[PDB]
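In the block that follows, a single chain appears as structure tokens, in the form deposited in one PDB entry.
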């Protein structure tokens, strides 16, 4: 969808209505922790709005230029195993960005950093809104410097007519109750979000592609903006329950993937053009390394980069992973020292590592995170 850097536009309308929806549908029986966390979120509405529009205007989204249109099966295809060369990091998808930003928001909320938690939650909802956008051509025709297309600017002009204020039921029944059933957030999210995204692709073909009339486009905007608002209210309800009840979604499960979220210092020359690798060592002395490389320019000064790693040994638990590190390898003969500010490592929806570094890494060097 469209949105503006000041926290206005379609994206901000969707998360604003998501909270309004929950306030209207919130059952009388919901626990007081959930009701109290909803009021903290309401206090931080402006951050939720900024978060919701930010990803289209971030720099780190690899110089470029933004395109937030994926085939709905991308995430599923990338999860398969066999079909990915394991030494390469997996690219970000709208599906994986929802999970990463969700894990970050839960982590921040729990340590009492509500401003930052809500900004991250907004960013998760941005990507959910994008995967529900009914636009799936092979070749994109962008009309602005932030990578939006005409269907989104058309909906933007008309956004106020598509607002909804209830999902049709209270949070003790059907839609909302089914969202709490699966404890594994990542597993739930993958299936839940995929349903909305596939319906958006069907609607692209039947009503929103460029050959369709303006009436069809208006209809496509109405139904997909109502699906966006409903799906968004569902994520927010799930979020409130997870942080109120102190749910850990990672509890017990194998570690198939690890996600690194790396913040490079804003200091002049802190970025690097050398090869960077992430590595682990398990309890039984087996190791795995990965290349950290996304399409654009990785590890630029002041960037926040995301790398997703697929494990070869699928039977591991988080507690089996004893050590982790980052390793630099010189690309040229000329020094290009690297200064990370902080690294967060996420496994099954939990931030398991949050380490401030703020040290220069030079030459061919291995920096131990743990």
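Positions refer to the first chain, counted from 1. Between two forms, the rigid core is the largest collection of C-alphas that superpose within 1.5 Å.
One more form of this protein, deposited in another entry, exists but is not displayed; see below.
Worksheet item: In a fit on the core, which one among 226, 180, 300, 87 has a Cα that moves 2 Å or more between this form and the one not shown?
Response: Comparing both forms, the shifted residue turns out to be 87.
Worksheet item: residue 202: with the rigid core matched between this form and the one not shown, does its Cα shift 2 Å or more?
Response: It does not reach a 2 Å shift.
Worksheet item: Hey, does residue 68 budge by 2 Å or more at the Cα between this form and the one not shown once the core is superposed?
Response: Shift at residue 68: 2 Å or more after core fit.
Item to complete: Align on the rigid core first; then say whether the Cα of residue 144 has moved by at least 2 Å between this form and the one not shown.
Response: Where the cores coincide, residue 144 still shows a C-alpha shift between this form and the one not shown that is 2 Å or more.
Item to complete: Might you say whether the CA atoms of residue 128 and residue 65 end up closer or farther apart in the other form than in this form? Their distance differs by 3 Å or more.
Response: Their C-alpha distance shrinks by at least 3 Å in the other form.
Discussion item. Relative to what's shown here, the Cα pair residue 136 and residue 205 differs by 3 Å or more in the other form. Does it come closer or drift farther?
Written reply: Compared with the shown chain, residue 136-residue 205 is farther in the other form.
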